[PDB]
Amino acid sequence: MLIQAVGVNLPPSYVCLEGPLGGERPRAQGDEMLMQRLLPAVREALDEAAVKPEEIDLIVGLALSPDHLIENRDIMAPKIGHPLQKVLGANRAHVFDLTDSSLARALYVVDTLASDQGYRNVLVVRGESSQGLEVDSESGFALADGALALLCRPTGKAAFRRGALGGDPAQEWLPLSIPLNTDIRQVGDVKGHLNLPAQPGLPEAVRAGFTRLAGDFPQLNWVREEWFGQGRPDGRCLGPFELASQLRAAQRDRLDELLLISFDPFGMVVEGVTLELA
């Protein structure tokens, strides 16, 4: 899997939440919706790669947000890859969604499908406009809002690892869940609640899991997602959108290959995929 170009577009609005799993993260405001950030992120990647929308073979989306996806803020399905196809004019593409997958796992699976089918230009997009999810005020956990676009050329050569979190090996980590709001009264109310129990050692356990997984490919430089503010400068973190600056630094430094590592809060694992770089 070769990364041709990266696009990223985050809201300018940051919100700080206290708690062991808190931090300062980008947060969409008002009735901002995901497409207003996703479309410019995608166009930035296509422009960098000199790839026209009609040349896109495949669009695969990742977005948990249950509303505020598109102009009609009440639509949850079909998922955002489809309206993206429409507004982009990617009239030859196949579209699907990999729901709560990590980006690393999605990139591995898509490298496999797309190389097998002979595709040349594949868009993997990740975004949130999470106004419809209640943050976890007990732990401080919230999703970062924004959009990340990876324009990729498949090779079928990407390698993959799914690894344990670090820290106490006898620690049972309690996963993220998003229960449905059982008391929706107005169409604009939250549709679900983020629930990630307060676990003070979790941010460090994730980072230790990253470092362990990176040891499977010691020859490779690597990039990673930062879902928590703990121990980060100013408590600021961008979740999976942290990957954009790291990938761009790798391009500036003319790296040809790298390892990309995701944190999956549902599985409480880390997942890595090896990549080529333009």
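All residue numbers refer to positions in the sequence shown, first residue = 1. Whichever C-alpha set is largest while still superposing within 1.5 Å between the two forms counts as the rigid core.
Engineer: After a core fit, does 78-86 or 175-183 show the bigger CA gap to the shown form in 4 other deposited structures of this protein?
Structural biologist: Clearly, after the core fit, the stretch farther away in 4 other deposited structures of this protein is 78-86.
Engineer: Which of the two stretches, 213-221 versus 238-246, has its Cα atoms farther on average from this form in 4 other deposited structures of this protein when everything is superposed by the rigid core?
Structural biologist: When 213-221 and 238-246 are compared in 4 other deposited structures of this protein, 213-221 lies farther out.
Engineer: Compare the mean C-alpha B-factor of 162-170 with that of 120-128 as given in the PDB entry, and name the stretch with the higher value.
Structural biologist: Taking the mean C-alpha B-factor of 162-170 and of 120-128, the larger value falls to 162-170.
Engineer: Please compare 92-100 with 179-187 and name the stretch with the higher mean C-alpha B-factor in the deposited structure.
Structural biologist: Looking at the record's C-alpha B-factors, the answer is 179-187.
Engineer: Going by the CA temperature factor in the entry, name the top one among 224, 27, 252, 68.
Structural biologist: Highest CA B-factor of the listed options: 252.
Engineer: Tell me which of 148, 194, 208, 75 tops the list for C-alpha B factor in the record.
Structural biologist: Among 148, 194, 208, 75, the highest C-alpha B-factor in the entry belongs to 208.
Engineer: Classify residue 31 as lowest, middle or highest third according to the C-alpha B-factor given in the PDB entry, relative to its own chain.
Structural biologist: For residue 31, the deposited C-alpha B-factor lands in the lowest third.
Engineer: Hey, what third does residue 270 fall into on Cα B-factor, ranked over its chain?
Structural biologist: Tercile = lowest for this residue's CA B-factor.
Engineer: Consider only the C-alpha atoms of the modelled residues in this chain, order them by B-factor as the entry records it, and name the third containing residue 64: lowest, middle or highest.
Structural biologist: According to the entry, residue 64 has a C-alpha B-factor in the chain's lowest third.
Engineer: Place residue 235 in the lowest, middle or highest third of its chain's C-alpha B-factors, as listed in the PDB entry.
Structural biologist: Its C-alpha B-factor belongs to the highest third of this chain's values.
Engineer: How does residue 11 rank on Cα B-factor within its chain, lowest, middle or highest third?
Structural biologist: Tercile = lowest for this residue's CA B-factor.
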